[PDB]
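See structure below.
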Ligand SMILES: Nc1nc2c(ncn2[C@@H]2O[C@H](COP(=O)(O)OP(=O)(O)O)[C@@H](O)[C@H]2O)c(=O)[nH]1
Ligand SMILES: COc1ccc(CNc2c(-c3ccccc3O)nc3ccc(F)cn23)cc1
Ligand SMILES: [Ca+2]
Ligand SMILES: [Mg+2]
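Encoded structure:
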């Protein structure tokens with residue numbers, strides 16, 4: 001198990017997905033045209049996980065870029081690292097999806113999906129041992145949300161034994177394109193609960209607050225939020241992209257993180273938060293990554309309990325000190341980790357730090373406090389749905405009110421299920 | 075899920091067609107009711123005027139046949 005196939009869908013999907021390929025291409029010594037001008041052999045040892053080798057020792061991202069309009073994807077080709085992506089993997093429609101889940105899932109996107117699956121199958125075939133798929137998308141618009149979840153469903157049909165990962169950007173009124181976002185998100189969460197093994201919940205609420213409160217950006221752009229997203233994505237893929245004892249794969253992650261199959265919504269965290281000169285001591289990384297202020301999902305982990313945790317330290321540091329500090333927070337806050345999964349915190353260290361920082365920590369948590377996120381979206385949803393507001397946009401593409409009711413019910417069930425283990 | 079996905083797009087087409095249909099039929103309905111009404115108004119106007127011509131024939135045949 002090595003090769004992953006990456007798909008990015010919609011405005012958000014392709015914006016954050018572009019930053020991901022920018023960040024990791026720098027980490028693996030690949031340049032804006034595709035050539036390797038590195039220095040360490042550790043950079044190329046598992047370059048195969050995310051890149052294909054090409055004619056002339058070029059490395060080509062195993063990346064499929066999907067949108068229902070060409071706006072965002074002409075920007076990706078324009079932008080700093082655009083010329084690296086394989087041009088056949090740009091698969092785009094013309095009319096877009098108007099922030100409408102139904103258009104993504106049932107009408108506009110249905111027209112386009114079979115072409116995306118031909119590129120998926122192309123990349124899937126020239127793979128020694130495919131472990132799975134990761135998708136970047138938001139849940140709030142129509143393409144990345146509705147079409148994205150349509151893809152997932154199709155990929156599962158054709159490759160029912162491979163892993164499915166999402167980086168799924170959850171919406172907030174604090175960073176809001178349209179009033180129908182809670183609808184779109186609730187329709188997609190219903191899909192994600194059934195058809196993914198792992199989902200990283202990137203809440204835009206949490207990114208806005210990190211940007212505002214902790215980084216002193218008064219007027220935060222999507223660029224400022226995506227700076228935080230690509231550093232988190234860099235962190236939660238480190239163990240796949242580098243060595244050397246942890247034979248870490250997506251299946252192993254799924255097995256150890258997910259005690260119950262529907263409860264696979266991970267809260268990510270990063271330390272230190274940036275946009280420095282003083283490197284952080286291991287105690288500080290350990291305090292910071294576990295801090296609510298450093299979570300990429302707007303949930304207080306003190307309101308819930310940690311089912312499982314996976315922590316990843318980057319830089320040159322004492323592993324003695326890393327165990328000591330990781331054991332200190334467990335022993336000093338033991339009520340917040342479930343007694344009925346012994347040794348639920350697993351920690352790893354990797355010598356290569358990220359660009360900029362001498363040392364950093366990335367956190368992956370399956371906390372029951374994630375319910376707060378689904379409760380927040382369940383509330384915004386009901387505010388509108390109890391008066392059937394804005395529904396005509398969805399019923400005009402053939403959807404029924406019963407489908408909204410179903411979806412509202414699955415999410416509220418998810419919330420009940422997370423609440424069940426907080427009290428056990 | 076795939077059969078449901080086909081029911082939803084079939085419904086979207088069905089209802090769009092239905093709107094186009096009933097607008098087409100509602101319109102033809104009105105234009106035909108209107109033309110019958112307008113023609114009925116003008117037919118009555120002309121039939122009241124032709125009833126005067128025929129009363130003027132009675133007055134012209136009361137001067138000629140009273141001498
Ligand atoms: N963090 C982040 N959120 C985004 C970005 N672009 C759009 N969004 C959010 O994504 C949602 C809208 O989805 P979008 O991707 O534009 O729609 P789609 O292209 O139809 O899938 C809203 O919640 C936006 O705030 C981005 O670059 N970064
Ligand atoms: C109870 O928590 C876990 C147990 C096993 C695994 C499997 N592999 C993995 C991972 C890991 C796996 C896939 C992708 C990204 C990752 O960062 N990160 C760690 C860190 C420490 C460690 F011991 C294993 N890790 C994950 C979580
Ligand atoms: Ca069309
Ligand atoms: Mg948008």
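Protein chains in written order, with the authors' numbering: chain B, 1 to 275, 280 to 428; chain E, 75 to 141.
Note that the Cβ used here is the ideal one computed from N, Cα and C, for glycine as well.
Between the region 27-39 of chain B and the region 54-64 of chain B there are three or more C-beta pairs closer than 8 Å, enough to call the two in contact. Inclusion of residue 229 (chain B) and residue 64 (chain B) in the CB contact set at 8 Å is not warranted, their separation being larger than that value. Separation of residue 226 (chain B) and residue 105 (chain E) (C-alpha to C-alpha, rounded to the nearest whole angstrom) is 59 Å.
If you check the C-beta of residue 74 (chain B) against ligand 4, you find no heavy atom less than 7 Å away. When only Cα atoms are considered, residue 1 (chain B) and residue 163 (chain B) end up about 11 Å apart.
Here residue 163 (chain B) is bridged, per DSSP, to B:132. Short of 6 Å from the beta carbon of residue 365 (chain B), and not among the five residues preceding or following it, lie these beta carbons of its own chain, in chain order: 271, 289, 293 and 317. Relative to ligand 2, even the nearest heavy atom lies 7 Å or more away from the CB of residue 128 (chain B). Residue 322 (chain B) is outside the set of residues whose beta carbon lies under 8 Å from a beta carbon in chain E.
Residue 354 (chain B) has its alpha-carbon roughly 13 Å from the corresponding atom of residue 27 (chain B).
In this structure, B:76 is the residue among B:374, B:76 and B:174 with its C-alpha nearest to the C-alpha of residue 9 (chain B). Any Cβ of chain B closer than 8 Å to the Cβ of residue 86 (chain E) would place that residue at the interface, and such an atom is present. For the region 82-107 of chain E, residues whose beta-carbon sits nearer than 9 Å to a beta-carbon of chain B comprise 82, 83, 84, 85, 86, 87, 88, 89 and 90.
The beta carbons of residue 156 (chain B) and residue 100 (chain B) sit no closer together than 8 Å.
Partner residues in the beta bridge of residue 63 (chain B), as assigned by DSSP, are B:6. The secondary-structure analysis by DSSP pairs residue 350 (chain B) across a beta bridge with B:314. For residue 203 (chain B), DSSP records a beta bridge to B:170. Residue pairing from DSSP places residue 266 (chain B) in a beta bridge opposite B:200.
In this model, residue 129 (chain E) and residue 123 (chain E) are separated by some 10 Å (Cα to Cα).
Within the region 361-410 of chain B, the runs of beta strand (DSSP E) that reach at least 3 residues and sit entirely inside it are, in chain order, 364-371.
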